[PDB]
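To begin, one chain is listed below as structure tokens, in the form deposited in one PDB entry.
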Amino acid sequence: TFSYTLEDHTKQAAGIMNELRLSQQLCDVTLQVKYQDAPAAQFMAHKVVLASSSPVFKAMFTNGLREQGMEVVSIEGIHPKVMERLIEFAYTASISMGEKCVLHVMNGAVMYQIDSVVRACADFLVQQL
């Protein structure tokens, strides 16, 4: 037989997937975020990428129905900048925030069950003590 594994591949393809999102190519979902009195914001993304990092997004998108293109999802109770940072983590595996936003990012991460950054935001808040 013969087996080969490029360890760095998933990182590279994740980068191209993030490029297609920024170029708004091949996107099938638009997240319309309306939070309190802050201005509304739209984020286009790929359902399969969001589903691969968030079980909440996975159940939200796996409905057993054949979609016919762009689906609009209204998202409530989370600031647009926090949703953007979560979307960035799903595509790039990195997330950044000011120390006074770590609490809000954790709230959004708990809400969408992104365990990796829930644990990271929990760890940072504990050693602030």
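The first residue of the shown sequence is 1; numbering continues from there.
The form solved in complex with a small molecule exists for this protein as well; it is not shown, and the discussion that follows is about that form.
S.K.: Answer for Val49 alone: is it within 4.5 Å of the small molecule in the entry with it bound, judged on heavy atom distances?
M.R.: The answer is no: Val49 has no heavy atom within 4.5 Å of the small molecule.
S.K.: Counting only non-hydrogen atoms and a 4.5 angstroms cut-off, does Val82 reach the small molecule in the entry with it bound?
M.R.: Residue-level check for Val82: yes, a contact with the small molecule.
S.K.: Tell me, yes or no, whether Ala93 is in contact with the small molecule in the entry with it bound, where a contact means a heavy atom of each within 4.5 Å.
M.R.: Although the small molecule is absent here, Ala93 would stay clear of it in the entry with it bound, with no heavy atoms inside 4.5 Å.
S.K.: Taking any heavy atom pair closer than or equal to 4.5 Å as contact, tell me whether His104 reaches the small molecule in the entry with it bound.
M.R.: Because a heavy atom of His104 falls inside 4.5 Å of the small molecule in the entry with it bound, the answer is yes.
S.K.: Mind telling me which stretch in 95-103, 50-58, 23-31, 64-72 gets its heavy atoms within 4.5 Å of the small molecule in the entry with it bound?
M.R.: Flagged stretch: 95-103.
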